[PDB]
Amino acid sequence: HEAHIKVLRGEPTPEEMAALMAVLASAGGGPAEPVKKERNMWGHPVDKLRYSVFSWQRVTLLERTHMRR
Amino acid sequence: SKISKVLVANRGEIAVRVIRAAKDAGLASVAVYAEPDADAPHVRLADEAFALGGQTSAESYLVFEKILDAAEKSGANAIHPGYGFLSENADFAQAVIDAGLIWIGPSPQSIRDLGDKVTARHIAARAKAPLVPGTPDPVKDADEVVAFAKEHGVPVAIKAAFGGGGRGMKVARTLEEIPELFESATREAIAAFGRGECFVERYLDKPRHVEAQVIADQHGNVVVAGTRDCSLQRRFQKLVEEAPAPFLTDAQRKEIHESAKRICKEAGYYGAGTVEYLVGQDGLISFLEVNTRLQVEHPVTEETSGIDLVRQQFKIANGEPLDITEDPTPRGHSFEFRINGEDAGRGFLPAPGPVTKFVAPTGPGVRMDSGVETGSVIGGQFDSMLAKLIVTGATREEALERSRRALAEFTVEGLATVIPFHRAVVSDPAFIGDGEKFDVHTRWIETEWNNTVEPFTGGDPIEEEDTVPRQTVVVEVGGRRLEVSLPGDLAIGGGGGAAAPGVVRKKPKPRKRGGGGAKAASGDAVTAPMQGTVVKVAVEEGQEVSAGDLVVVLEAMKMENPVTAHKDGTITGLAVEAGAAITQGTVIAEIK
Amino acid sequence: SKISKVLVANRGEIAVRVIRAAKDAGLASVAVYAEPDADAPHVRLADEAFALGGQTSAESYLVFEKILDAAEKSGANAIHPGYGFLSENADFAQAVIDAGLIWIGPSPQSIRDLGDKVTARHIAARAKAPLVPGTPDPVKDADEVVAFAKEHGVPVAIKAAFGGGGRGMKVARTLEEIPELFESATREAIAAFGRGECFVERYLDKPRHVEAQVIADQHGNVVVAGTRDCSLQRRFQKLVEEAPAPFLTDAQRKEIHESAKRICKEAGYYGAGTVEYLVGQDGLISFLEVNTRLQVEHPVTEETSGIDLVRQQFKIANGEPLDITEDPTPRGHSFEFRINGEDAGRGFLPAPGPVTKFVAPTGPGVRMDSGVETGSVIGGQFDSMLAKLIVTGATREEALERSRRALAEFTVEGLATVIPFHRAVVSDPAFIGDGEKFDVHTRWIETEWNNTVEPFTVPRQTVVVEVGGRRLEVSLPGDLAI
Amino acid sequence: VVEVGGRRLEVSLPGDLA
């Protein structure tokens, strides 16, 4: 059920196929280890704001920002 | 008098063709359109255009008064009917002549005399045209149909004498069938075809549809301008045609060219026309019909005979005698493929849709005639034809090589079409032939053809991997050009975007109510399955119905589809009566 | 040996036309493209396509090894001469044949012999063709010109004898400039082409340019496939062609049809090609040229004769002996317009850039062949012709009526184009004469047509790879995210 | 895996390019 690369017009020889795939694999740049980054809420912007003592954003912005995981 | 400004009482590709023919002949041209058609190419191509209003043909193109009012308001002195609608309507041809407008067609008497199958039988017998065994006059009853079976045997074909459309022709193998066929076919004859007249003929197992183009002036001179074989009929309507008729003896070819003129003279026919024959396995030519409409298939015979075949209608409507004295040479060969909004993989069913791209083939030997373009919309109001691909060359082999290439150049996107079928038959040995006869025949597509066309998917994502975005690029390798399609989030190496947090792929559900087998709701409403016109209604409020009983007939693209009760009960409310346009999902009735 | 794959070393209408002829014949077609046109219709229609790189023919199509290497890497069997470019380079044709590739055309020595107009004079003197008053051999100095010019007399034209291409010409109603005109004709040909040879002749001001067209077997069987009129020209440059050549008398036809087989079999020509002649205002013939290639306006020959000339060229080049003997009868009448990206309201000055609409007409006896499709882009480095409109009918007047419609239906936008010229001329009584004779001549468009047309108002990233036994350049697009 | 015109094709790569 994976999405495969497709070649739509012409057929390359095995040498041309290897060169095409090899250069595209080289173009596959990135982190080399893509995973969920370490959470660190220290000094998050939502703690910096002034909230009125009765402001509903204390629920729907501040708390949800801290508690969401 | 002579034509000066011609109004085309028709839509689409034939309206474009007739407007072009008139503008070529130096006439001014007037289009009329129904509201569904207000922006189709022909409306923009005519020198002037007028709105009929109306959603349906019956609200529009069929309204005699609106067509005569259009001629009066435009001042167009002549009317060309094209084909369908009022082209075969004797009463319209009368009304326009009585209105004093130059009718580009045969006389009302000729149209009425050709328009009945039994009078056509008698006058063709008087011409002694070649004809199939059968009862020469109407039969009374099933036991009188048996009187023919008691002489000419089987198989027996039966027709309602005012039946047509591919609806009214039946075949029987037994005597016990006959009461069921008669108490059905006469019920259809009276209620749907309006006339209980029926008659009987010898059936042909695998005949060829062979026809001859006829041209006749008001002075009785008659020419046979060529011939076609059209035996690729999907039912009884045509899909692929060619000129000349291949693979026939010169004796048959001359018999055709002789008999057609005699039929025309005995009818007194003048104008353009065509005579339809069936050529049987015994080689018997047998007359069926002369149609009074200029046929769709005229352009293949133009590409063979060199002449313009529509223009002759204008000249004969002026009453000028034929400019050409002789039967032209049918030089080379030509094929035509009808291009239609029909899904061959769904079993040749029509479907509406947008034409999001229309790149017609061009170049050598290729002619395109179309009523549609990139950006057109096709609704359920009118028949499926989009266009015609006409191909010509030095011989049937060369013209088929042209066809094989042209149909591979053809692309149409946004709706299902028969092009995948044409692409098969143009490479099927059964249609290439052996050089002495066809295996193709009037029943071939429905039975012997191996249908390899997959149902039309459109652009829909259907499997789990189809949901993934793609970017398609050109990459050049060793100096080659590759067009390459890369997923948007494939993993190679350390690449970024090889995954996304919280994002899932799964097979999308089709845009269908319930599951694929949950074809209908448990609720009580009978909902219209398709866009169309409600052409019949079969029940009254409070009438008892059972599941499978008919409730309405919907005409979609001039295909009548029956819509039936999904449960037993009574139609406790009814929303429509016949002639209403109806949208998909509309409540027709509630069964409780 | 045999053809199964063919490379079409051209771009524009002939590239599509030959790709079509190959794909009709069942032969795999290989296109070659430059940086402006790696996404042109021919690149989409060919079975395979290969980069040449560079921006012009001089960086590309004129470099033989690029084409020969493309043919080797494609495994092609054959190479097709279109128009322009290398289509008439005998040395390339021989390098191809030496590479074992089938050149779809006449032998290289026959090409070398036919291509030069002095040798064409010698060939005409062997073929016993009617010849014009003019110098039989090139002049050698300005004194030689001055000596000849007093004998052959006024009015005079001075013409480059090689590579003349419709531009190497001067006209003189007065003789006093001619010494500097000869110096220019010598110097300019030395500077541009490296052959300075020229000839000088009487200026035939209002003739009809005419040609016949033959199919010619490798075995030397020859048939005249048709004849055409080219006289609608701006400044030695074409605008519309007619098929057959209209109203030529029977004697002119008979003389041309015998001379066509004579000239072809005396040159040993094979393939399919035109033989080109001039008809004076008295109607008398004189010989003028033989194109070595298939003429550009070959389509209305093919589709007026019923002979598939480009496929007949494939047949000949495959070595099939010719199937045709009797010269096919032209049935009806036909027109082939050429549409350039040039402003006919401003002397046909080119106008490059995009073409943004191209709803070409289609219908009864109408066809289009194009290098453009909607959204194509033109640069000043290539021939300004966008497309060709073909129209045909059972009579000349019927085909004119059809053209008078079709040229009004044909709608093109985004650049200046000659469509309004075609619209006017197909509508002008100078051209629709008495139905027996008409006024138009090879200077009518400049000197007698009362024109009423209103004026107009990132590279690849290249990564060079070593792989196994090969080294491959690979070109990425401007970027990819992958 | 790569598809080419309707072929399935397998290509093997170093788990090392980055």
# chains A, B, ... in the order shown; residues from 1 in each chain; ligands from 1
>>> interface_residues(of="chain D", to="chain B", cutoff="8 Å", atoms="only C-alpha atoms", output="list in words")
residues 15, 16, 17 and 18 of chain D
>>> residues_around(residues="residue B:83", least_positions_apart="2", cutoff="9 Å", atoms="only C-alpha atoms", output="list in words")
residues 10, 14, 81, 85, 86, 87, 88, 292, 293, 294, 295 and 296 of chain B
>>> residues_around(residues="residue B:491", least_positions_apart="3", cutoff="10 Å", atoms="only C-alpha atoms", output="PyMOL selection string")
(chain A and resi 3+25+28) or (chain B and resi 487-488+494-499) or (chain C and resi 482)
>>> write_last_selection(atoms="N, CA, C and O atoms", output="tab-separated table (two decimals), in the first residue's frame")
chain	number	residue	atom	x	y	z
A	3	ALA	N	3.09	4.39	-1.70
A	3	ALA	CA	3.17	5.21	-2.90
A	3	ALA	C	4.57	5.10	-3.51
A	3	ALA	O	5.55	5.53	-2.90
A	25	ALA	N	18.16	9.60	-4.85
A	25	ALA	CA	18.55	9.20	-3.50
A	25	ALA	C	19.54	10.17	-2.88
A	25	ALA	O	19.42	10.51	-1.70
A	28	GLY	N	17.85	13.06	-1.57
A	28	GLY	CA	17.07	12.87	-0.35
A	28	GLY	C	17.69	13.41	0.93
A	28	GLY	O	18.01	12.65	1.86
B	487	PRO	N	5.99	10.82	-5.12
B	487	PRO	CA	5.12	11.11	-3.97
B	487	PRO	C	5.60	12.33	-3.20
B	487	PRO	O	6.77	12.71	-3.27
B	488	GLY	N	4.68	12.95	-2.47
B	488	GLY	CA	5.01	14.13	-1.69
B	488	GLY	C	5.70	13.83	-0.38
B	488	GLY	O	6.29	14.74	0.22
B	494	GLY	N	17.74	9.75	4.66
B	494	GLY	CA	17.43	10.68	5.72
B	494	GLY	C	16.46	11.79	5.35
B	494	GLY	O	16.34	12.75	6.11
B	495	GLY	N	15.79	11.68	4.21
B	495	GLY	CA	15.09	12.84	3.66
B	495	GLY	C	14.01	13.36	4.59
B	495	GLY	O	13.31	12.60	5.27
B	496	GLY	N	13.87	14.69	4.61
B	496	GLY	CA	12.78	15.32	5.32
B	496	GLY	C	11.46	15.16	4.60
B	496	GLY	O	11.41	15.04	3.37
B	497	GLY	N	10.38	15.17	5.37
B	497	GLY	CA	9.07	14.88	4.82
B	497	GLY	C	8.82	13.41	4.55
B	497	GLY	O	7.79	13.07	3.96
B	498	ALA	N	9.74	12.54	4.96
B	498	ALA	CA	9.52	11.10	4.91
B	498	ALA	C	8.41	10.64	5.84
B	498	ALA	O	7.96	9.49	5.72
B	499	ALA	N	7.96	11.49	6.75
B	499	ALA	CA	6.84	11.19	7.62
B	499	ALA	C	6.22	12.51	8.05
B	499	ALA	O	6.81	13.58	7.88
C	482	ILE	N	11.63	16.34	-3.07
C	482	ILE	CA	11.73	14.88	-2.85
C	482	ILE	C	11.52	14.51	-1.38
C	482	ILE	O	10.51	14.86	-0.78
>>> select_by_dssp(residues="chain A", states="alpha helix (DSSP H)", output="list in words")
residues 14, 15, 16, 17, 18, 19, 20, 21, 22, 23, 24, 25, 26, 27, 45, 46, 47, 48, 57, 64, 65, 66 and 67 of chain A
>>> residues_around(residues="stretch 325-338 of chain C", least_positions_apart="5", cutoff="8 Å", atoms="only C-alpha atoms", output="NGL selection string")
(:B and (306)) or (:C and (221-226 or 238-244 or 297 or 300 or 304-307 or 385 or 387-396 or 399 or 422))
>>> write_last_selection(atoms="N, CA and C atoms", output="mmCIF file, in the first residue's frame")
data_model
loop_
_atom_site.group_PDB
_atom_site.id
_atom_site.type_symbol
_atom_site.label_atom_id
_atom_site.label_comp_id
_atom_site.auth_asym_id
_atom_site.auth_seq_id
_atom_site.Cartn_x
_atom_site.Cartn_y
_atom_site.Cartn_z
ATOM 1 N N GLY B 306 -15.672 13.700 -52.242
ATOM 2 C CA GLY B 306 -15.170 15.029 -52.525
ATOM 3 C C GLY B 306 -16.222 16.113 -52.376
ATOM 4 N N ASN C 221 12.634 4.486 -60.915
ATOM 5 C CA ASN C 221 11.278 4.751 -61.388
ATOM 6 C C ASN C 221 10.793 6.087 -60.836
ATOM 7 N N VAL C 222 10.224 6.939 -61.684
ATOM 8 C CA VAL C 222 9.855 8.286 -61.255
ATOM 9 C C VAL C 222 8.456 8.622 -61.753
ATOM 10 N N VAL C 223 7.680 9.263 -60.877
ATOM 11 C CA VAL C 223 6.325 9.723 -61.163
ATOM 12 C C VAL C 223 6.182 11.143 -60.631
ATOM 13 N N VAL C 224 5.477 11.991 -61.378
ATOM 14 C CA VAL C 224 5.113 13.326 -60.903
ATOM 15 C C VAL C 224 3.897 13.213 -59.985
ATOM 16 N N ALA C 225 4.099 13.508 -58.698
ATOM 17 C CA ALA C 225 3.026 13.470 -57.712
ATOM 18 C C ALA C 225 2.155 14.726 -57.695
ATOM 19 N N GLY C 226 2.647 15.863 -58.176
ATOM 20 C CA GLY C 226 1.764 17.020 -58.254
ATOM 21 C C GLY C 226 2.482 18.259 -58.742
ATOM 22 N N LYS C 238 7.224 33.486 -48.999
ATOM 23 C CA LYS C 238 5.900 32.933 -49.263
ATOM 24 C C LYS C 238 4.861 33.331 -48.223
ATOM 25 N N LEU C 239 3.595 33.317 -48.655
ATOM 26 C CA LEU C 239 2.471 33.443 -47.735
ATOM 27 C C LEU C 239 1.371 32.407 -47.945
ATOM 28 N N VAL C 240 1.040 32.053 -49.185
ATOM 29 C CA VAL C 240 0.051 31.001 -49.427
ATOM 30 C C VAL C 240 0.376 30.263 -50.718
ATOM 31 N N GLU C 241 0.093 28.958 -50.725
ATOM 32 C CA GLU C 241 0.308 28.097 -51.882
ATOM 33 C C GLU C 241 -1.012 27.488 -52.348
ATOM 34 N N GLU C 242 -1.102 27.212 -53.652
ATOM 35 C CA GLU C 242 -2.271 26.587 -54.266
ATOM 36 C C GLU C 242 -1.868 25.291 -54.954
ATOM 37 N N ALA C 243 -2.769 24.304 -54.905
ATOM 38 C CA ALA C 243 -2.576 23.004 -55.538
ATOM 39 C C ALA C 243 -3.837 22.567 -56.281
ATOM 40 N N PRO C 244 -3.731 22.145 -57.556
ATOM 41 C CA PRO C 244 -2.587 22.223 -58.473
ATOM 42 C C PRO C 244 -2.205 23.648 -58.856
ATOM 43 N N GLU C 297 5.713 22.709 -48.055
ATOM 44 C CA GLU C 297 4.309 22.660 -48.445
ATOM 45 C C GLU C 297 3.977 21.333 -49.116
ATOM 46 N N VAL C 300 -0.241 19.606 -48.852
ATOM 47 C CA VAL C 300 -1.294 19.709 -49.862
ATOM 48 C C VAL C 300 -0.953 19.057 -51.189
ATOM 49 N N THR C 304 -3.664 16.329 -51.961
ATOM 50 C CA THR C 304 -4.333 16.596 -53.227
ATOM 51 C C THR C 304 -4.126 15.491 -54.248
ATOM 52 N N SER C 305 -2.960 14.854 -54.241
ATOM 53 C CA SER C 305 -2.667 13.737 -55.130
ATOM 54 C C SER C 305 -3.251 12.433 -54.600
ATOM 55 N N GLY C 306 -3.420 12.329 -53.283
ATOM 56 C CA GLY C 306 -3.743 11.088 -52.620
ATOM 57 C C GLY C 306 -2.529 10.242 -52.333
ATOM 58 N N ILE C 307 -1.336 10.780 -52.569
ATOM 59 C CA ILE C 307 -0.085 10.076 -52.352
ATOM 60 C C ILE C 307 0.511 10.578 -51.043
ATOM 61 N N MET C 385 7.143 31.150 -38.531
ATOM 62 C CA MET C 385 5.937 30.371 -38.792
ATOM 63 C C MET C 385 5.484 29.613 -37.553
ATOM 64 N N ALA C 387 2.218 27.996 -37.646
ATOM 65 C CA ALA C 387 1.345 26.925 -38.100
ATOM 66 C C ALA C 387 1.019 27.136 -39.573
ATOM 67 N N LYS C 388 0.408 26.111 -40.155
ATOM 68 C CA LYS C 388 -0.031 26.088 -41.540
ATOM 69 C C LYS C 388 -1.488 25.659 -41.576
ATOM 70 N N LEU C 389 -2.309 26.426 -42.290
ATOM 71 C CA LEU C 389 -3.718 26.098 -42.486
ATOM 72 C C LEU C 389 -3.910 25.477 -43.863
ATOM 73 N N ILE C 390 -4.476 24.275 -43.901
ATOM 74 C CA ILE C 390 -4.767 23.573 -45.147
ATOM 75 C C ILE C 390 -6.275 23.583 -45.359
ATOM 76 N N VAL C 391 -6.702 23.916 -46.574
ATOM 77 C CA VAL C 391 -8.115 23.918 -46.943
ATOM 78 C C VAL C 391 -8.257 23.270 -48.312
ATOM 79 N N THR C 392 -9.338 22.521 -48.514
ATOM 80 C CA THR C 392 -9.506 21.822 -49.783
ATOM 81 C C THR C 392 -10.986 21.689 -50.114
ATOM 82 N N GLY C 393 -11.268 21.527 -51.408
ATOM 83 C CA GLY C 393 -12.637 21.387 -51.868
ATOM 84 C C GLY C 393 -12.672 20.812 -53.266
ATOM 85 N N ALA C 394 -13.893 20.624 -53.771
ATOM 86 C CA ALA C 394 -14.059 20.113 -55.126
ATOM 87 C C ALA C 394 -13.806 21.156 -56.205
ATOM 88 N N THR C 395 -13.808 22.445 -55.869
ATOM 89 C CA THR C 395 -13.455 23.477 -56.834
ATOM 90 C C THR C 395 -12.606 24.541 -56.151
ATOM 91 N N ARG C 396 -11.864 25.291 -56.971
ATOM 92 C CA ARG C 396 -11.079 26.406 -56.448
ATOM 93 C C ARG C 396 -11.957 27.443 -55.751
ATOM 94 N N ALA C 399 -13.133 26.047 -52.401
ATOM 95 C CA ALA C 399 -12.056 26.105 -51.419
ATOM 96 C C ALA C 399 -11.732 27.532 -50.989
ATOM 97 N N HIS C 422 -3.903 36.829 -44.382
ATOM 98 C CA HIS C 422 -4.617 35.735 -45.035
ATOM 99 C C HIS C 422 -6.095 36.069 -45.192
#
>>> interface_residues(of="chain C", to="chain A", cutoff="12 Å", atoms="only C-alpha atoms", output="ChimeraX atom specification")
/C:28-31,43-50,73-75,461-477,479-482
>>> atom_distance(atom1="atom CA of residue C:230", atom2="atom CA of residue C:442")
8.5 Å
>>> residues_around(residues="residue B:546", least_positions_apart="3", cutoff="9 Å", atoms="only C-alpha atoms", output="list in words")
residues 549, 550, 565, 566, 567, 568, 569 and 570 of chain B
>>> interface_residues(of="chain A", to="chain D", cutoff="6 Å", atoms="only C-alpha atoms", output="PyMOL selection string")
chain A and resi 4-8+26+29
>>> write_last_selection(atoms="N, CA and C atoms", output="PDB file, in the first residue's frame")
ATOM      1  N   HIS A   4       4.644   4.515  -4.701  1.00  0.00           N
ATOM      2  CA  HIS A   4       5.901   4.298  -5.400  1.00  0.00           C
ATOM      3  C   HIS A   4       6.190   5.431  -6.378  1.00  0.00           C
ATOM      4  N   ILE A   5       7.481   5.644  -6.649  1.00  0.00           N
ATOM      5  CA  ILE A   5       7.878   6.529  -7.736  1.00  0.00           C
ATOM      6  C   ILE A   5       7.400   5.939  -9.055  1.00  0.00           C
ATOM      7  N   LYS A   6       6.964   6.803  -9.971  1.00  0.00           N
ATOM      8  CA  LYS A   6       6.563   6.369 -11.302  1.00  0.00           C
ATOM      9  C   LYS A   6       7.319   7.135 -12.380  1.00  0.00           C
ATOM     10  N   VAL A   7       7.684   6.423 -13.446  1.00  0.00           N
ATOM     11  CA  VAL A   7       8.212   7.001 -14.680  1.00  0.00           C
ATOM     12  C   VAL A   7       7.143   6.871 -15.756  1.00  0.00           C
ATOM     13  N   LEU A   8       6.717   8.004 -16.311  1.00  0.00           N
ATOM     14  CA  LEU A   8       5.511   8.075 -17.127  1.00  0.00           C
ATOM     15  C   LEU A   8       5.764   8.000 -18.629  1.00  0.00           C
ATOM     16  N   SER A  26      20.509  10.641  -3.666  1.00  0.00           N
ATOM     17  CA  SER A  26      21.412  11.665  -3.153  1.00  0.00           C
ATOM     18  C   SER A  26      20.659  12.942  -2.799  1.00  0.00           C
ATOM     19  N   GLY A  29      17.861  14.730   0.985  1.00  0.00           N
ATOM     20  CA  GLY A  29      18.405  15.403   2.165  1.00  0.00           C
ATOM     21  C   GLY A  29      17.433  15.551   3.330  1.00  0.00           C
TER      22      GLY A  29
END
>>> closest_residue(among="B:473, B:351, B:200, B:38", to="chain A", atoms="only C-alpha atoms")
B:473
>>> residues_around(residues="residue A:50", least_positions_apart="6", cutoff="12 Å", atoms="only C-alpha atoms", output="PDB file with N, CA and C atoms, in the first residue's frame")
ATOM      1  N   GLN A  57      -9.556  32.980  28.231  1.00  0.00           N
ATOM      2  CA  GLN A  57      -8.329  32.477  27.639  1.00  0.00           C
ATOM      3  C   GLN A  57      -7.448  31.756  28.650  1.00  0.00           C
ATOM      4  N   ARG A  58      -7.671  31.955  29.948  1.00  0.00           N
ATOM      5  CA  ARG A  58      -6.990  31.129  30.938  1.00  0.00           C
ATOM      6  C   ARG A  58      -7.324  29.654  30.780  1.00  0.00           C
ATOM      7  N   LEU A  61      -6.562  29.095  26.102  1.00  0.00           N
ATOM      8  CA  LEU A  61      -5.226  29.360  25.578  1.00  0.00           C
ATOM      9  C   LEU A  61      -4.140  28.881  26.528  1.00  0.00           C
ATOM     10  N   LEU A  62      -4.103  29.411  27.747  1.00  0.00           N
ATOM     11  CA  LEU A  62      -3.037  29.098  28.692  1.00  0.00           C
ATOM     12  C   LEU A  62      -3.057  27.628  29.092  1.00  0.00           C
TER      13      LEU A  62
END
>>> atom_distance(atom1="atom CA of residue C:218", atom2="atom CA of residue C:122")
23.3 Å
>>> atom_distance(atom1="atom CA of residue C:427", atom2="atom CA of residue C:407")
10.0 Å
>>> select_by_dssp(residues="chain D", states="strand (DSSP E or B)", output="list in words")
residues 2, 3, 4, 5, 7, 8 and 9 of chain D
>>> residues_around(residues="stretch 342-347 of chain B", least_positions_apart="6", cutoff="12 Å", atoms="only C-alpha atoms", output="VMD selection string")
chain B and resid 234 to 235 239 353 378 380 383 to 386 415 to 424 445 to 447 449 to 458 557 559
>>> write_last_selection(atoms="C-alpha atoms", output="mmCIF file, in the first residue's frame")
data_model
loop_
_atom_site.group_PDB
_atom_site.id
_atom_site.type_symbol
_atom_site.label_atom_id
_atom_site.label_comp_id
_atom_site.auth_asym_id
_atom_site.auth_seq_id
_atom_site.Cartn_x
_atom_site.Cartn_y
_atom_site.Cartn_z
ATOM 1 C CA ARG B 234 -23.793 -0.810 -29.695
ATOM 2 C CA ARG B 235 -27.481 -1.767 -29.577
ATOM 3 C CA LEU B 239 -20.832 3.918 -33.031
ATOM 4 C CA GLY B 353 -19.947 15.463 -16.991
ATOM 5 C CA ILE B 378 -22.876 18.032 -20.774
ATOM 6 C CA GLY B 380 -28.693 14.753 -18.991
ATOM 7 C CA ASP B 383 -27.846 12.572 -26.358
ATOM 8 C CA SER B 384 -24.288 11.533 -25.603
ATOM 9 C CA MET B 385 -22.487 12.598 -28.787
ATOM 10 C CA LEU B 386 -19.531 14.943 -28.295
ATOM 11 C CA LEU B 415 -16.043 12.465 -18.521
ATOM 12 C CA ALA B 416 -16.154 8.860 -19.707
ATOM 13 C CA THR B 417 -16.008 8.276 -23.462
ATOM 14 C CA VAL B 418 -16.036 5.459 -26.036
ATOM 15 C CA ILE B 419 -12.496 6.347 -27.166
ATOM 16 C CA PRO B 420 -11.066 3.364 -25.211
ATOM 17 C CA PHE B 421 -13.467 1.184 -27.237
ATOM 18 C CA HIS B 422 -12.517 2.761 -30.565
ATOM 19 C CA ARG B 423 -8.850 2.215 -29.653
ATOM 20 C CA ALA B 424 -9.635 -1.491 -29.274
ATOM 21 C CA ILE B 445 -20.201 -5.609 -29.555
ATOM 22 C CA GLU B 446 -22.881 -6.890 -27.160
ATOM 23 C CA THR B 447 -21.666 -10.507 -27.313
ATOM 24 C CA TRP B 449 -16.143 -8.491 -28.149
ATOM 25 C CA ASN B 450 -13.852 -9.060 -25.153
ATOM 26 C CA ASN B 451 -14.376 -5.849 -23.166
ATOM 27 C CA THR B 452 -10.993 -4.794 -21.749
ATOM 28 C CA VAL B 453 -12.101 -1.228 -20.907
ATOM 29 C CA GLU B 454 -11.920 -0.527 -17.160
ATOM 30 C CA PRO B 455 -14.799 1.536 -15.698
ATOM 31 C CA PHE B 456 -14.196 5.281 -15.754
ATOM 32 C CA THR B 457 -12.501 6.441 -12.543
ATOM 33 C CA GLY B 458 -12.182 10.134 -13.378
ATOM 34 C CA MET B 557 -29.582 11.638 -22.164
ATOM 35 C CA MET B 559 -31.970 6.847 -22.361
#
>>> interface_residues(of="chain B", to="chain C", cutoff="7 Å", atoms="only C-alpha atoms", output="compact mmCIF listing (two decimals) with N, CA and C atoms, in the first residue's frame")
# COMPACT_ATOMS: atom_id res chain seq x y z
N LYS B 23 -22.37 29.47 -44.02
CA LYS B 23 -21.41 30.55 -44.13
C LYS B 23 -20.47 30.34 -45.31
N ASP B 24 -20.09 29.08 -45.57
CA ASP B 24 -19.39 28.75 -46.80
C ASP B 24 -20.20 29.14 -48.03
N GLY B 306 -15.67 13.70 -52.24
CA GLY B 306 -15.17 15.03 -52.52
C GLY B 306 -16.22 16.11 -52.38
N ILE B 307 -17.47 15.81 -52.75
CA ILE B 307 -18.53 16.81 -52.67
C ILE B 307 -18.87 17.13 -51.22
N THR B 362 -5.14 16.19 -34.70
CA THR B 362 -5.00 16.98 -35.92
C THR B 362 -4.02 16.28 -36.85
N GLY B 363 -3.59 16.99 -37.89
CA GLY B 363 -2.67 16.47 -38.87
C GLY B 363 -3.26 15.67 -40.02
N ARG B 367 -9.96 14.66 -39.58
CA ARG B 367 -10.92 15.75 -39.47
C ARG B 367 -11.67 15.54 -38.16
N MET B 368 -11.87 16.63 -37.42
CA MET B 368 -12.67 16.63 -36.21
C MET B 368 -13.91 17.49 -36.40
N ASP B 369 -15.07 16.93 -36.06
CA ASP B 369 -16.29 17.72 -35.93
C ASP B 369 -16.78 17.60 -34.49
N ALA B 394 -5.31 6.07 -48.35
CA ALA B 394 -5.28 5.47 -49.68
C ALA B 394 -6.02 4.14 -49.78
N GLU B 401 -4.33 2.37 -40.18
CA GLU B 401 -3.10 2.86 -39.56
C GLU B 401 -3.25 4.31 -39.10
N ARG B 402 -3.85 5.15 -39.95
CA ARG B 402 -4.20 6.51 -39.53
C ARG B 402 -5.09 6.51 -38.30
N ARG B 405 -3.16 5.53 -35.09
CA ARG B 405 -2.37 6.65 -34.59
C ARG B 405 -3.24 7.78 -34.03
N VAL B 474 10.13 16.94 -14.74
CA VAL B 474 11.01 16.40 -15.78
C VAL B 474 12.42 16.27 -15.21
N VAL B 475 12.99 15.08 -15.33
CA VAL B 475 14.39 14.83 -15.00
C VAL B 475 15.06 14.16 -16.19
N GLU B 476 16.26 14.61 -16.52
CA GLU B 476 16.91 14.23 -17.76
C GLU B 476 18.17 13.43 -17.43
N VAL B 477 18.25 12.22 -17.98
CA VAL B 477 19.19 11.20 -17.53
C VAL B 477 19.97 10.71 -18.75
N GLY B 478 21.27 10.96 -18.75
CA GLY B 478 22.07 10.65 -19.93
C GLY B 478 21.70 11.44 -21.15
N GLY B 479 20.96 12.54 -20.99
CA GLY B 479 20.36 13.25 -22.10
C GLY B 479 18.98 12.80 -22.50
N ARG B 480 18.46 11.71 -21.93
CA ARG B 480 17.05 11.40 -22.09
C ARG B 480 16.19 12.40 -21.33
N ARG B 481 14.93 12.49 -21.75
CA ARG B 481 13.88 13.16 -20.99
C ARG B 481 13.04 12.10 -20.30
N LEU B 486 6.82 11.87 -8.35
CA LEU B 486 7.33 11.59 -7.03
C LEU B 486 6.22 11.78 -6.01
N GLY B 488 4.68 12.95 -2.47
CA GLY B 488 5.01 14.13 -1.69
C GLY B 488 5.70 13.83 -0.38
